[PDB]
Amino acid sequence: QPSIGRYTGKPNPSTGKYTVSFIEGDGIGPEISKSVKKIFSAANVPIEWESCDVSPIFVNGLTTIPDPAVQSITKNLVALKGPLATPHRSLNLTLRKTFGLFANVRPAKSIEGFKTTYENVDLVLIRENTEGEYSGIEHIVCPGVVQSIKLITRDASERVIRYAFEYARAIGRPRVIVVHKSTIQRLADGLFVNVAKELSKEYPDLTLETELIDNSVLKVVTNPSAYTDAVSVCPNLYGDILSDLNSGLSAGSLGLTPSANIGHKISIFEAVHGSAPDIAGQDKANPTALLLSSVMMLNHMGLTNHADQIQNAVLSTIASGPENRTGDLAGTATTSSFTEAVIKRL
Amino acid sequence: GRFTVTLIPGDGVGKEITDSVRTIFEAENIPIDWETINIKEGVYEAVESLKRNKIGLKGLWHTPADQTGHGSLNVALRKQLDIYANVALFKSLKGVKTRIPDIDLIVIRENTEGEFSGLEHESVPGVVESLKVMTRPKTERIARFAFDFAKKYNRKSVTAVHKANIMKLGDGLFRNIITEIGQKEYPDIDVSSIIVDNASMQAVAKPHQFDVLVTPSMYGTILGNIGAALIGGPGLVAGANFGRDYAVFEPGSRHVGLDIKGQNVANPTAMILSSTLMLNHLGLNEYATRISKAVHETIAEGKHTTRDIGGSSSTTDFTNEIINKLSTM
Amino acid sequence: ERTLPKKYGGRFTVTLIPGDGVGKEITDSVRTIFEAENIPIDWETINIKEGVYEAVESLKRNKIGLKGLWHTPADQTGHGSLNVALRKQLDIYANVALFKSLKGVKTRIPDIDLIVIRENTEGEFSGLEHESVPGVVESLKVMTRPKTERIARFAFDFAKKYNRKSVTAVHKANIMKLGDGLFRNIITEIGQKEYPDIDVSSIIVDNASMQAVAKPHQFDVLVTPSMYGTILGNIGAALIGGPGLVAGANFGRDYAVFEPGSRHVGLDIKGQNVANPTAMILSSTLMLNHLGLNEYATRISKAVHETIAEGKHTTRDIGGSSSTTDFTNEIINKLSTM
Amino acid sequence: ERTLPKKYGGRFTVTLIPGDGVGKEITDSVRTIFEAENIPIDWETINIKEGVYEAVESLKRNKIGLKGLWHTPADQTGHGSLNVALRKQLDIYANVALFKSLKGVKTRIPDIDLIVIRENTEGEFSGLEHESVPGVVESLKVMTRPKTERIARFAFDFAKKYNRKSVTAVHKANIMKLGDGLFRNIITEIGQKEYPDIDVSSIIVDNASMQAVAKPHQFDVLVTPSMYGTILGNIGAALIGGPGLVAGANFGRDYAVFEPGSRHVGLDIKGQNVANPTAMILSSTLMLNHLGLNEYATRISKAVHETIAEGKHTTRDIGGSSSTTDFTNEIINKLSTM
Ligand SMILES: Nc1ncnc2c1ncn2[C@@H]1O[C@H](COP(=O)(O)O)[C@@H](O)[C@H]1O
Ligand SMILES: Nc1ncnc2c1ncn2[C@@H]1O[C@H](COP(=O)(O)O)[C@@H](O)[C@H]1O
Ligand SMILES: Nc1ncnc2c1ncn2[C@@H]1O[C@H](COP(=O)(O)O)[C@@H](O)[C@H]1O
């Protein structure tokens, strides 16, 4: 697994198991959550759940995250959060800032037995989630004039681009593409690109390509598969858009998309769909999203065998046959029946 | 009776794709004379020319990515003429296999501002700031252009693409000014907002929900290329740039085709179609209505079409089918 | 500069309001002459009971317009001018009518050139009236210094710009000593301490009406409140041939709307293609000069001027037998050889 | 005329903002001299963390004010000037400080008379700053043509009104070629095509600082951005005796606030009655001249001018041994015999 965000294992010596913080989250979170707990149980995962609550405090007007949850998550070097609502400083933002998360990993692959307009889409994108267009820095320079400031540093760039080379290696993809726009953002995007070009050399097994978002978006939409040996790295904004785009190609929404937020020693794995408050409790949610983030987590932890088990078989395979599936995929099954129907081929 | 239009072939398939238009033009004996220019900083002479003639037809220039490279000079042209509005036309064509069919959307972007403002510096080594400017005047301008455009071409919906949830001042201002002046002027038109990333997802998955999209420089490049792909490719997209005094017409997709320069494989549909846009502009348009039907029917009519659409014909051959169909109208 | 006339890469977007009566035909004449001359303007054209809103809203975008006249009811539950509504709502406060005789037209007194500037928003057009007890009606006529200083300067400014030597205020100040009094003073007052190069004078509306009909050459520019301008206007209209030969324009600070200077709807001859478009076209040329074109204006005015001077092929009311259609085409024809 | 200074049957209502430090005492001095001269003005007086709102709101009613200085923290969680807040929120964009030496005061270079006009709302006082990565801080200094043309004209207008022959722009345009460049140009540029009777020139801020200290008589009027004005200001303050002798005033389009020209709080000597009110009083006279009184102004200035020239009975910092209280009463005394 990638050297950069390395898990420091250590199963809890008293139990055979590893400790993982949950964060069930709200809305369809609870149901989607225990759905995962059950499937995990069945496969005999070396994992005990230490669920914690990230409902924000407000130390110094600036929104902070509760000590209970901090201690828990800093301890077990990993957590798996479901969706949460919109409670004075982005909840997700103060979540990355307090745990040093700096890289968003977003895969979008076609699902077996769910037909969308685009086919054979298997995409992987790493996004810088620290700086870039999304630093808090903007100014009113005078009456009707505003500056939003895009920040790009070598330190922040280096460590994302690394995780990308190392992740591309860890999943056996030859090519790694740096999406940019050095064309008109000479210095900003130029630095990003050079930093990749310089790192390129200490990863000779991978081939580095450079592409303008221009083409990255043109080419991916004309033919998604041209990047099935991908791993694309890019600064915060291009990343935020391309990843939400990639998901649009793979599934037409993002109710199937898993994300991984890698930090230096910590790392959080979440589903990117919302809290779906109106379907909450009625048992219609679709664990697949969070479930795949579980797999991502497994691999990040080193539990290859279990991950491949829960992914290659189960869900991925049980999402074949409309008696299974959920309402969101034409299927008729409940969150309930999806989970047992999954564990069968588990 | 004779217009004198500026012609800027530019880099890549530029030279070939322009020629296609010339040929179709003299073969239709259209009363326009090209003043044609070629060029490192003589982007001056392009400006100076356009300032005389007011109207131009151009391909794309190439832009370096290296540090000591010169800088767009496609944007230089626009900034120096304050041709602030870009219009790209993404309408699918009959004889072209596309994944989602019957698609008709327009993307209007601001040309001179936003992330194309080209202000950047390195404070200490390894730390770079790129400043993105957004100003009320330049924004009210494009906002009205978009609505005016939507009214003129009976478009019912106008949507502002932004990232105002994160860049609350920059993109915020943009989203407000647009919706703000689509409500107290242009009340007949449906104004709305959409976040650029989510817009990107709908565009690829369910594009029919969009009509007209107004965006700052960057988001327009992105949604632009989504639209370009959606309809077949960069060779099918008509484009035009508008300032108050001048108008420059170019392909709506904005690709140089450096790799296939001189190979006569290129597709001139883009160039020709935006060339027709120019005719409608300077009032001709009997010709425009004409020579558009020509290319439209040509490509719908299976083979004899150019490589990238799924044919095996060369730029040369495709051109001549148009001039041929045209000779019998 | 969100305050100049709508323009996109060399192309103005002007408002077009055909309006009632021969309006629709007389406007068309201009359209045809315009595209036949390939003039870089695009019409945003509107049609309409209270959508006089949409005319206003349009003009507020484009700043410039070209219009015919709407019709106005005389009955009690009729809607009200809405020609004046348009002007009041845009504060297009100054009307200019151009009464200059034309070469090929038989008129009782020839070689006549006078201008009538009237205030549009005030005076007897203020539309304030009530019935106290049954059978007793009061119509209030408002006159205010601000609105009056405004028109006064517009008139002088206009006279200076177009090298007019004399400006005369028409009034009834001997009877309405406050209302028309104020008007007469403010005009003469600010023609003396500003614009000293111009000859300012007064004339009583009734006596003005008599001189106008009998000895019109004594007048140069006439400034009047809403009513007297309608009256002197029609005298001038007759003097030169008729309502079909009179160019007109309306000015506010921000907007400008160009219409016929005579202000008749021609309801009776609607759709008959008998109408005369000289009025519309000529005030259409006024609009070109305005938005800076005017190579075209100088052009297409000479066209119509020569056309009507050149005997037959002219339209019914001037003494010809040609239709609106035919007259138009003679202009476009003469134009195609300039 | 809801835009002149608050006035009711002959009585102005002026805003009074004592502010921090010797503020409270130095203002009182003026009050006393004012009622002892029975000047027809009534103080609306305000005291205050973010009620800098109430100061603004007051001044917006009365249009005119008289104030001392507030204190400003240097710590990170401190609130921020709110002396500048007052000015920015009222767009009182022009500061005038008057450095004219006084007869009874020992100064190293005597007979000195120069004025420093600074822009209040922009420059390095724009208060835009951020920390990109830890330990790296950028402070953005804004300079805009509109705000700069404004101060430029104010300065020349001022120089013309008070028969000043020379106006000099202080800048660092050789290094900050865009920022200070723009400033230097716009000034010299519009001192040449307007105000041709006045001698315009430039001087580099550092070299200006050196001449000011060594050979100040060469300067007449100095126009500067926010920062350079604080610096040249204090040079001038020292040159004539100290911060207690400097009259000052702030101007916008609509409002005017009068304060000491030197801008020091005197926190250390608060409540000690040792302070010198010459500054406050003299800029208080500036305010009278402003709201048209000035019989009083001409008066009570001669009072303080003669008082301090007349040796002892003067306050501590000038070289006397009298208290604020005693100095005040000598003025009111001299005044009672004029
Ligand atoms: N004239 C043309 N006809 C068809 N495709 C083109 C043409 N010019 C450029 N392209 C496409 O656009 C891409 C060029 O983009 P870039 O790599 O940015 O130069 C190529 O992959 C081509 O497939
Ligand atoms: N556009 C026009 N040009 C010339 N004469 C007109 C026009 N419209 C109406 N007239 C004449 O004026 C009379 C009716 O005027 P009105 O008051 O507009 O109904 C008719 O007898 C027509 O001869
Ligand atoms: N009323 C006053 N007259 C003369 N000097 C003063 C007065 N108030 C304060 N100062 C001086 O200005 C300094 C205070 O300014 P600051 O450094 O801003 O606190 C003190 O060192 C005093 O010596």
# chains A, B, ... in the order shown; residues from 1 in each chain; ligands from 1

$ select_by_dssp --residues "stretch 100-181 of chain D" --states "alpha helix (DSSP H)" --output "PyMOL selection string"
chain D and resi 145-161+179-181

$ write_last_selection --atoms "C-alpha atoms" --output "PDB file, in the first residue's frame"
ATOM      1  CA  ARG D 145      -7.539  56.117  -9.884  1.00  0.00           C
ATOM      2  CA  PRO D 146     -10.887  57.380  -8.609  1.00  0.00           C
ATOM      3  CA  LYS D 147      -9.815  57.778  -4.956  1.00  0.00           C
ATOM      4  CA  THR D 148      -6.566  59.294  -6.177  1.00  0.00           C
ATOM      5  CA  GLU D 149      -8.005  61.806  -8.620  1.00  0.00           C
ATOM      6  CA  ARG D 150     -10.236  62.856  -5.754  1.00  0.00           C
ATOM      7  CA  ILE D 151      -7.490  63.659  -3.244  1.00  0.00           C
ATOM      8  CA  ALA D 152      -5.408  65.204  -5.992  1.00  0.00           C
ATOM      9  CA  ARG D 153      -8.103  67.742  -6.754  1.00  0.00           C
ATOM     10  CA  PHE D 154      -8.854  68.329  -3.077  1.00  0.00           C
ATOM     11  CA  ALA D 155      -5.208  69.207  -2.553  1.00  0.00           C
ATOM     12  CA  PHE D 156      -5.066  71.645  -5.445  1.00  0.00           C
ATOM     13  CA  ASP D 157      -8.460  73.144  -4.640  1.00  0.00           C
ATOM     14  CA  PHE D 158      -7.190  73.592  -1.076  1.00  0.00           C
ATOM     15  CA  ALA D 159      -3.944  75.170  -2.258  1.00  0.00           C
ATOM     16  CA  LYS D 160      -5.869  77.561  -4.496  1.00  0.00           C
ATOM     17  CA  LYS D 161      -8.362  78.508  -1.782  1.00  0.00           C
ATOM     18  CA  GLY D 179       1.101  51.696  -6.890  1.00  0.00           C
ATOM     19  CA  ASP D 180       2.952  54.881  -6.050  1.00  0.00           C
ATOM     20  CA  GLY D 181       3.555  55.392  -9.761  1.00  0.00           C
TER      21      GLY D 181
END

$ residues_near_ligand --ligand "ligand 1" --cutoff "10 Å" --atoms "only C-alpha atoms and all ligand atoms" --output "JSON, numbers by chain"
{"A": [211, 212, 213, 214, 215, 216, 218, 219], "B": [12, 13, 14, 15, 16, 17, 18, 59, 60, 62, 63, 228, 232, 233, 234, 235, 236, 251, 253, 254, 255, 256, 257, 258, 259, 260, 261, 264, 265, 266, 267, 268, 269, 270, 271, 306, 307, 308, 309, 315]}

$ write_last_selection --atoms "N, CA and C atoms" --output "compact mmCIF listing (two decimals), in the first residue's frame"
# COMPACT_ATOMS: atom_id res chain seq x y z
N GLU A 211 -1.78 16.67 -19.01
CA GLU A 211 -2.94 17.00 -19.82
C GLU A 211 -3.64 18.27 -19.31
N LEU A 212 -4.13 19.10 -20.23
CA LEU A 212 -4.95 20.26 -19.87
C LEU A 212 -6.37 19.81 -19.56
N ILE A 213 -7.01 20.42 -18.56
CA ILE A 213 -8.37 20.02 -18.22
C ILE A 213 -9.14 20.00 -19.52
N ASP A 214 -8.83 20.97 -20.37
CA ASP A 214 -9.40 21.04 -21.71
C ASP A 214 -9.61 19.65 -22.27
N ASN A 215 -8.52 18.90 -22.37
CA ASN A 215 -8.55 17.58 -22.97
C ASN A 215 -9.05 16.53 -22.00
N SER A 216 -8.62 16.62 -20.75
CA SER A 216 -9.07 15.69 -19.71
C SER A 216 -10.59 15.58 -19.68
N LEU A 218 -12.63 16.75 -22.29
CA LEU A 218 -13.05 16.39 -23.64
C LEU A 218 -12.96 14.88 -23.85
N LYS A 219 -11.77 14.35 -23.59
CA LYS A 219 -11.47 12.97 -23.90
C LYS A 219 -12.24 12.01 -23.02
N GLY B 12 -1.76 24.99 -36.03
CA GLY B 12 -2.39 23.70 -36.21
C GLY B 12 -3.25 23.64 -37.45
N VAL B 13 -4.31 22.84 -37.40
CA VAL B 13 -5.20 22.66 -38.54
C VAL B 13 -5.82 23.98 -38.94
N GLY B 14 -5.47 25.03 -38.22
CA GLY B 14 -5.96 26.37 -38.51
C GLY B 14 -5.87 26.68 -39.99
N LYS B 15 -4.66 26.65 -40.53
CA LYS B 15 -4.41 26.99 -41.94
C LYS B 15 -5.30 26.24 -42.94
N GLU B 16 -5.54 24.95 -42.70
CA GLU B 16 -6.35 24.13 -43.60
C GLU B 16 -7.83 24.43 -43.44
N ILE B 17 -8.27 24.46 -42.19
CA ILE B 17 -9.67 24.65 -41.85
C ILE B 17 -10.20 26.03 -42.31
N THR B 18 -9.30 27.02 -42.40
CA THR B 18 -9.68 28.36 -42.85
C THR B 18 -9.88 28.31 -44.34
N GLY B 59 -8.83 30.90 -36.51
CA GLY B 59 -8.64 29.60 -35.89
C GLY B 59 -8.05 29.84 -34.51
N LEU B 60 -7.35 28.85 -33.98
CA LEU B 60 -6.74 29.01 -32.68
C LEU B 60 -5.23 29.10 -32.83
N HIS B 62 -1.45 28.50 -30.89
CA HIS B 62 -0.94 27.54 -29.92
C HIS B 62 -0.41 28.27 -28.69
N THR B 63 -0.49 27.61 -27.53
CA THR B 63 0.03 28.20 -26.31
C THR B 63 0.96 27.27 -25.55
N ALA B 228 -18.67 19.85 -26.14
CA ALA B 228 -17.96 19.49 -27.36
C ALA B 228 -18.02 17.99 -27.57
N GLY B 232 -20.19 15.19 -30.59
CA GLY B 232 -19.36 14.53 -31.58
C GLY B 232 -17.88 14.83 -31.46
N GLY B 233 -17.57 16.09 -31.20
CA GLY B 233 -16.19 16.51 -31.10
C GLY B 233 -15.99 17.97 -31.44
N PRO B 234 -14.74 18.45 -31.29
CA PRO B 234 -14.37 19.85 -31.44
C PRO B 234 -14.56 20.37 -32.86
N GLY B 235 -14.78 19.47 -33.80
CA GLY B 235 -14.87 19.83 -35.20
C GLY B 235 -16.27 20.19 -35.62
N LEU B 236 -17.23 20.09 -34.71
CA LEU B 236 -18.63 20.34 -35.05
C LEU B 236 -19.19 21.59 -34.37
N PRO B 251 -13.77 28.78 -33.89
CA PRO B 251 -14.42 27.53 -33.51
C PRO B 251 -14.84 27.55 -32.04
N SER B 253 -14.97 25.18 -29.94
CA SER B 253 -14.38 24.18 -29.08
C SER B 253 -12.97 24.51 -28.62
N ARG B 254 -12.22 25.20 -29.46
CA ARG B 254 -10.94 25.74 -29.02
C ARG B 254 -9.87 24.67 -28.89
N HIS B 255 -9.60 23.97 -29.99
CA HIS B 255 -8.49 23.03 -30.06
C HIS B 255 -7.66 23.28 -31.33
N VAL B 256 -6.34 23.18 -31.20
CA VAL B 256 -5.42 23.57 -32.27
C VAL B 256 -5.18 22.49 -33.33
N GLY B 257 -5.29 21.22 -32.92
CA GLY B 257 -5.04 20.11 -33.81
C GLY B 257 -3.61 20.06 -34.30
N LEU B 258 -2.67 20.51 -33.48
CA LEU B 258 -1.25 20.50 -33.85
C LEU B 258 -0.78 19.18 -34.48
N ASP B 259 -1.20 18.07 -33.90
CA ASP B 259 -0.76 16.74 -34.32
C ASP B 259 -1.09 16.37 -35.78
N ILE B 260 -2.23 16.86 -36.29
CA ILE B 260 -2.64 16.55 -37.66
C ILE B 260 -2.50 17.73 -38.64
N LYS B 261 -1.51 18.59 -38.39
CA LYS B 261 -1.25 19.74 -39.25
C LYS B 261 -0.67 19.28 -40.57
N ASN B 264 -4.34 17.12 -44.01
CA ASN B 264 -5.58 17.16 -44.77
C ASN B 264 -6.59 16.12 -44.25
N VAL B 265 -6.49 15.79 -42.97
CA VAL B 265 -7.44 14.86 -42.36
C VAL B 265 -8.51 15.60 -41.57
N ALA B 266 -8.21 16.86 -41.26
CA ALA B 266 -9.02 17.69 -40.36
C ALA B 266 -10.46 17.92 -40.82
N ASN B 267 -11.31 18.29 -39.87
CA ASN B 267 -12.72 18.55 -40.14
C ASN B 267 -13.05 20.03 -40.04
N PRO B 268 -13.58 20.61 -41.12
CA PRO B 268 -13.80 22.05 -41.15
C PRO B 268 -15.22 22.46 -40.74
N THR B 269 -16.06 21.51 -40.34
CA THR B 269 -17.43 21.83 -39.97
C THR B 269 -17.44 22.99 -38.98
N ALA B 270 -16.62 22.88 -37.94
CA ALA B 270 -16.51 23.92 -36.92
C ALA B 270 -16.32 25.26 -37.59
N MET B 271 -15.19 25.40 -38.29
CA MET B 271 -14.82 26.67 -38.91
C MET B 271 -15.91 27.21 -39.81
N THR B 306 -15.89 13.55 -43.18
CA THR B 306 -14.48 13.53 -42.78
C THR B 306 -14.17 12.55 -41.63
N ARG B 307 -12.89 12.19 -41.48
CA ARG B 307 -12.42 11.11 -40.59
C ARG B 307 -13.09 10.99 -39.22
N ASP B 308 -13.03 12.06 -38.43
CA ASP B 308 -13.47 12.07 -37.04
C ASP B 308 -14.97 11.87 -36.79
N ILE B 309 -15.80 12.06 -37.81
CA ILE B 309 -17.23 11.85 -37.68
C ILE B 309 -17.56 10.39 -37.95
N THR B 315 -10.27 16.63 -45.67
CA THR B 315 -10.78 18.00 -45.59
C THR B 315 -11.14 18.51 -46.97

$ residues_around --residues "residue D:240" --least-positions-apart "3" --cutoff "10 Å" --atoms "only C-alpha atoms" --output "short mmCIF file (atom, residue, chain, number, x, y, z; two decimals) with N, CA and C atoms, in the first residue's frame"
data_model
loop_
_atom_site.label_atom_id
_atom_site.label_comp_id
_atom_site.auth_asym_id
_atom_site.auth_seq_id
_atom_site.Cartn_x
_atom_site.Cartn_y
_atom_site.Cartn_z
N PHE D 99 1.08 72.62 9.99
CA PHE D 99 2.33 72.77 10.71
C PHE D 99 2.84 74.18 10.49
N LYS D 100 2.41 75.09 11.36
CA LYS D 100 2.89 76.47 11.37
C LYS D 100 3.42 76.79 12.74
N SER D 101 4.68 77.20 12.81
CA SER D 101 5.31 77.46 14.10
C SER D 101 4.66 78.65 14.81
N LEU D 102 4.79 78.66 16.13
CA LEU D 102 4.11 79.63 16.96
C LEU D 102 5.10 80.52 17.68
N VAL D 105 7.34 79.82 21.08
CA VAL D 105 7.82 78.45 21.21
C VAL D 105 9.20 78.23 20.61
N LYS D 106 10.12 77.74 21.45
CA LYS D 106 11.48 77.44 21.06
C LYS D 106 11.52 76.25 20.11
N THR D 107 11.88 76.48 18.86
CA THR D 107 12.06 75.38 17.92
C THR D 107 13.40 75.48 17.21
N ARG D 108 13.94 74.33 16.82
CA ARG D 108 15.27 74.27 16.25
C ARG D 108 15.38 75.01 14.89
N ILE D 109 14.36 74.90 14.05
CA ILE D 109 14.27 75.71 12.83
C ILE D 109 12.97 76.50 12.88
N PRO D 110 13.08 77.83 12.85
CA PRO D 110 11.94 78.71 13.12
C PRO D 110 11.26 79.21 11.85
N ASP D 111 10.09 79.81 12.01
CA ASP D 111 9.35 80.46 10.92
C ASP D 111 8.99 79.48 9.81
N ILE D 112 8.27 78.44 10.20
CA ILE D 112 8.00 77.31 9.32
C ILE D 112 6.51 77.15 9.10
N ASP D 113 6.12 76.95 7.84
CA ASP D 113 4.71 76.94 7.50
C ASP D 113 4.42 75.97 6.35
N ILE D 235 7.18 64.33 11.40
CA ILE D 235 8.32 65.23 11.19
C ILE D 235 7.86 66.66 11.40
N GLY D 236 6.75 67.03 10.76
CA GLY D 236 6.25 68.38 10.85
C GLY D 236 5.82 68.71 12.26
N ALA D 237 5.23 67.72 12.93
CA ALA D 237 4.78 67.89 14.30
C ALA D 237 5.96 68.28 15.19
N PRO D 243 3.07 67.64 19.19
CA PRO D 243 1.74 67.21 18.77
C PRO D 243 0.63 68.08 19.33
N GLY D 244 0.96 68.92 20.30
CA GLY D 244 -0.03 69.73 20.97
C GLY D 244 -0.27 71.06 20.30
N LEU D 245 0.45 71.34 19.22
CA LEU D 245 0.34 72.63 18.56
C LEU D 245 -0.26 72.52 17.16
N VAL D 246 -0.67 71.31 16.79
CA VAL D 246 -1.05 71.03 15.41
C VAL D 246 -2.55 70.90 15.20
#

$ residues_near_ligand --ligand "ligand 3" --cutoff "6 Å" --atoms "only C-alpha atoms and all ligand atoms" --output "list in words"
residues 22, 243, 244, 264, 265, 266, 267, 275 and 276 of chain D

$ residues_near_ligand --ligand "ligand 2" --cutoff "10 Å" --atoms "only C-alpha atoms and all ligand atoms" --output "PyMOL selection string"
chain C and resi 20-23+25-27+68-71+237+241-246+260+262-270+274-280+315-318+324

$ interface_residues --of "chain A" --to "chain D" --cutoff "10 Å" --atoms "only C-alpha atoms" --output "MDAnalysis selection string"
chainID A and resid 131 135:142 149:153

$ write_last_selection --atoms "C-alpha atoms" --output "compact mmCIF listing (two decimals), in the first residue's frame"
# COMPACT_ATOMS: atom_id res chain seq x y z
CA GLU A 131 -5.05 24.59 -0.92
CA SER A 135 -7.84 28.53 0.43
CA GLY A 136 -9.89 30.96 2.46
CA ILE A 137 -8.05 33.89 0.91
CA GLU A 138 -10.16 36.51 -0.83
CA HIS A 139 -10.17 40.33 -0.72
CA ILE A 140 -12.27 43.31 -1.64
CA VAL A 141 -9.57 45.48 -3.17
CA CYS A 142 -12.01 48.34 -3.65
CA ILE A 149 -6.53 33.84 -4.28
CA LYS A 150 -5.42 30.44 -5.53
CA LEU A 151 -2.56 29.07 -3.49
CA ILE A 152 -0.20 26.43 -4.81
CA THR A 153 2.87 25.26 -2.91

$ interface_residues --of "chain C" --to "chain B" --cutoff "7 Å" --atoms "only C-alpha atoms" --output "VMD selection string"
chain C and resid 7 to 10 38

$ write_last_selection --atoms "C-alpha atoms" --output "compact mmCIF listing (two decimals), in the first residue's frame"
# COMPACT_ATOMS: atom_id res chain seq x y z
CA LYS C 7 -24.57 47.27 -29.13
CA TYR C 8 -22.87 43.98 -29.75
CA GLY C 9 -19.89 43.71 -32.05
CA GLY C 10 -20.99 46.65 -34.22
CA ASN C 38 -27.70 46.49 -44.84

$ interface_residues --of "chain B" --to "chain A" --cutoff "6 Å" --atoms "only C-alpha atoms" --output "list in words"
residues 65, 126, 127, 128, 129, 130, 131, 132, 133, 134, 135, 136, 170, 197, 200, 201, 205, 225, 226 and 229 of chain B

$ residues_around --residues "residue A:199" --least-positions-apart "6" --cutoff "12 Å" --atoms "only C-alpha atoms" --output "number ranges by chain"
A: 154, 157-166, 176, 178, 192-193, 206-208

$ residues_around --residues "residue A:286" --least-positions-apart "4" --cutoff "7 Å" --atoms "only C-alpha atoms" --output "PyMOL selection string"
chain A and resi 32+326+335

$ select_by_dssp --residues "stretch 30-170 of chain A" --states "strand (DSSP E or B)" --output "PyMOL selection string"
chain A and resi 47-49+57+64+79-81+101-109+122-128+132+138-142+145-153

$ write_last_selection --atoms "C-alpha atoms" --output "PDB file, in the first residue's frame"
ATOM      1  CA  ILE A  47     -12.445  -5.011  13.292  1.00  0.00           C
ATOM      2  CA  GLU A  48     -14.364  -3.689  16.267  1.00  0.00           C
ATOM      3  CA  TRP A  49     -16.394  -0.497  15.894  1.00  0.00           C
ATOM      4  CA  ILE A  57     -18.588  22.453  19.256  1.00  0.00           C
ATOM      5  CA  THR A  64     -14.266  22.673  16.461  1.00  0.00           C
ATOM      6  CA  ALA A  79     -12.479   6.082  10.544  1.00  0.00           C
ATOM      7  CA  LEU A  80     -15.462   5.363   8.307  1.00  0.00           C
ATOM      8  CA  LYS A  81     -18.105   8.114   8.189  1.00  0.00           C
ATOM      9  CA  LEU A 101      -6.363  15.048   5.572  1.00  0.00           C
ATOM     10  CA  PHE A 102      -4.932  16.314   2.310  1.00  0.00           C
ATOM     11  CA  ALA A 103      -5.872  13.973  -0.532  1.00  0.00           C
ATOM     12  CA  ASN A 104      -9.275  12.994  -1.930  1.00  0.00           C
ATOM     13  CA  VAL A 105      -9.269   9.644  -3.739  1.00  0.00           C
ATOM     14  CA  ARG A 106     -12.244   9.251  -6.059  1.00  0.00           C
ATOM     15  CA  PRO A 107     -12.876   6.177  -8.224  1.00  0.00           C
ATOM     16  CA  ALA A 108     -15.803   5.906 -10.597  1.00  0.00           C
ATOM     17  CA  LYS A 109     -16.441   2.520 -12.111  1.00  0.00           C
ATOM     18  CA  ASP A 122     -13.286   2.754 -14.801  1.00  0.00           C
ATOM     19  CA  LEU A 123     -11.747   5.945 -13.476  1.00  0.00           C
ATOM     20  CA  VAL A 124      -9.394   6.934 -10.685  1.00  0.00           C
ATOM     21  CA  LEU A 125      -8.620  10.506  -9.621  1.00  0.00           C
ATOM     22  CA  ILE A 126      -6.557  11.943  -6.768  1.00  0.00           C
ATOM     23  CA  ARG A 127      -7.394  15.519  -5.757  1.00  0.00           C
ATOM     24  CA  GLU A 128      -5.472  18.063  -3.681  1.00  0.00           C
ATOM     25  CA  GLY A 132      -5.487  25.798  -4.472  1.00  0.00           C
ATOM     26  CA  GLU A 138     -10.163  36.511  -0.825  1.00  0.00           C
ATOM     27  CA  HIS A 139     -10.173  40.326  -0.716  1.00  0.00           C
ATOM     28  CA  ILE A 140     -12.271  43.306  -1.636  1.00  0.00           C
ATOM     29  CA  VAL A 141      -9.574  45.477  -3.174  1.00  0.00           C
ATOM     30  CA  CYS A 142     -12.006  48.342  -3.645  1.00  0.00           C
ATOM     31  CA  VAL A 145     -13.491  44.640  -7.203  1.00  0.00           C
ATOM     32  CA  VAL A 146     -12.769  41.232  -5.686  1.00  0.00           C
ATOM     33  CA  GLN A 147      -9.759  38.908  -5.565  1.00  0.00           C
ATOM     34  CA  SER A 148     -10.013  35.215  -4.839  1.00  0.00           C
ATOM     35  CA  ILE A 149      -6.529  33.840  -4.283  1.00  0.00           C
ATOM     36  CA  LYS A 150      -5.424  30.437  -5.526  1.00  0.00           C
ATOM     37  CA  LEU A 151      -2.557  29.069  -3.489  1.00  0.00           C
ATOM     38  CA  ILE A 152      -0.204  26.426  -4.813  1.00  0.00           C
ATOM     39  CA  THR A 153       2.875  25.255  -2.910  1.00  0.00           C
TER      40      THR A 153
END
